[PDB]
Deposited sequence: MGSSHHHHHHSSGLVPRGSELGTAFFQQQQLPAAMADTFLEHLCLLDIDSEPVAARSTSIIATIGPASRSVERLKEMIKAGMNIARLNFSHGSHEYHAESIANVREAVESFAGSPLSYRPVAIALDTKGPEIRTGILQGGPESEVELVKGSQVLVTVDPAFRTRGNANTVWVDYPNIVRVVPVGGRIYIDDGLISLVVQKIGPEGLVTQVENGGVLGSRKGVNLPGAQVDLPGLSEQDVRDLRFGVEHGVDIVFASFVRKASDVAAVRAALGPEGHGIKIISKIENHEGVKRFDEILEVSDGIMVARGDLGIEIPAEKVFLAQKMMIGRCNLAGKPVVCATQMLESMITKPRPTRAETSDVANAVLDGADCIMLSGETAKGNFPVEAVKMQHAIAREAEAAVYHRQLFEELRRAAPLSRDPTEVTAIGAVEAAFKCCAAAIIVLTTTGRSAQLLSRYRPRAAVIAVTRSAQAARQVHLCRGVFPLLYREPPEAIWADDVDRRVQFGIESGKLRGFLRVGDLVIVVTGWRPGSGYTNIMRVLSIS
């Protein structure tokens, strides 16, 4: 079973290797990946990526999260950016089976001798020399309030140095902002040393390599990146790799060999999301940069050694009596046995999708939700493909479950994620409401 032609795509020969060395030796440039790209793409909004028509092209190219850099720009500037992103996003809502949710992330200005990205020794950086600035500014507080008022999904918190820095952020978001995800940016030596306590109170991490590369020796950034990716992977919390991934594409139509390798290796490290800064904020090829990250991620996701990664994630995760976790790991294992084209999961808060994503299945996790915010926020979790369901409930709940599953199948077919004859794993619960996921089924498509 499993056709001979199907077994030579998606780097499946390298997938069945008994050793990592053989896994490397069997990687094949003719082995084509699936269309579903698991690693989400964060694009920074700026002069080059602010118009509604430009944003439409970046959505089709693969942008999942739009980053607002509050280091620059008035609230009126950012309100117009949010208005333009939402206009381009909703411009596709007339076609539910192809609609792509897009999250909006607010990046704080933060606490802002080296000058000019650390280019001249004596933006300004003071490495080692511990300085005084508090966790949250008084302009940060006004910016975060702007985030709640305009309904942003994610906060990128700059220069997080300790757990209390995160709590100050969460306090500024307020009770109405309790649902916003907080990604703590690790930007200096202190944040690295206090990483374990920062991660426990955050929803995720951004390896902010720009400032980190000035605050610590440039030779050491990859050590910090691979440490933080593994620790969030172990913790099952999303991790973002950022800064200068395709830097030369600011002026050039094609990246360097080091840049494509950097995106690929960030994906192989286990990063949930990869980021573009000047490549989309200022550069001359914002859409091409998005297209390049999409293409590399597809290749690198197939080149992950899932065999060992799944085993180690399984051994490191503690035993659980939560039926959502138990169902998730079983569905992921079941998906590996059949190379299921997808895991289709129903979720309202996104947790069931995240618990599937944390075991890193090869199969795409197609998440059908009625919550527009959850559809935006699950882009943080690798391999989750969110579908916004818009119909009012069927009268029998079981019929309403089945129709959402069918909606996931129909959207997967249209997008090239699913074909007739594919096996799919379907994850649901035994009753409506969040928290009751406990069922895994094996279905053939059509």
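Unmodelled regions of the deposited chain, listed from N- to C-terminal end, are 1-19, 132-186, 197-220.
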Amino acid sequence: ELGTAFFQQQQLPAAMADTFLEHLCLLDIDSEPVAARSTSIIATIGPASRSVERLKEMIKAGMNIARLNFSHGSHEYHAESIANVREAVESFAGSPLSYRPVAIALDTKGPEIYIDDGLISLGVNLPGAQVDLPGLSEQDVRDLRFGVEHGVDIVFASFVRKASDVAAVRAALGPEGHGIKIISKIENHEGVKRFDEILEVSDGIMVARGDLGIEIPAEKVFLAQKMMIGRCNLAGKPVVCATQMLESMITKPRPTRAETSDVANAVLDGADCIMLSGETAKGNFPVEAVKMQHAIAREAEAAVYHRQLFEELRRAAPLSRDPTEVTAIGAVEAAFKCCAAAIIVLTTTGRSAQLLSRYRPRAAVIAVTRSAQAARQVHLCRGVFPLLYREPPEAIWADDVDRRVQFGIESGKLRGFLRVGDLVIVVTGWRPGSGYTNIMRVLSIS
From here on, numbers count along this sequence of modelled residues.
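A93, present in the displayed chain, goes without coordinates in a third or more of the other PDB entries compared that cover both sides of it. Modelling of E80 is complete across the other compared entries in which both of its neighbours are modelled; not even a third of them leave it out. Higher mean CA B-factor, judged across 432-440 and 13-21 from the recorded values: 13-21.
Note on 49-57 vs 397-405: mean CA B-factor is higher in 49-57. The entry assigns its greatest Cα B factor, within the set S121, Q293, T256, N265, to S121.
By the numbers in the PDB entry, the CA B factor is greatest at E190 among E279, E299, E190, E288. Compared with the other modelled residues of the chain, the Cα B-factor recorded for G421 ranks in the highest third. The deposited CA B-factor of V169 belongs to the highest third of values across its chain. In the PDB entry, a CA B factor belonging to the middle third of its chain's modelled residues is recorded for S98.
Sort the chain's modelled residues by C-alpha temperature factor and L387 lands in the middle third, per the entry. Sort the modelled residues of the chain by CA B factor and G151 lands in the middle third.
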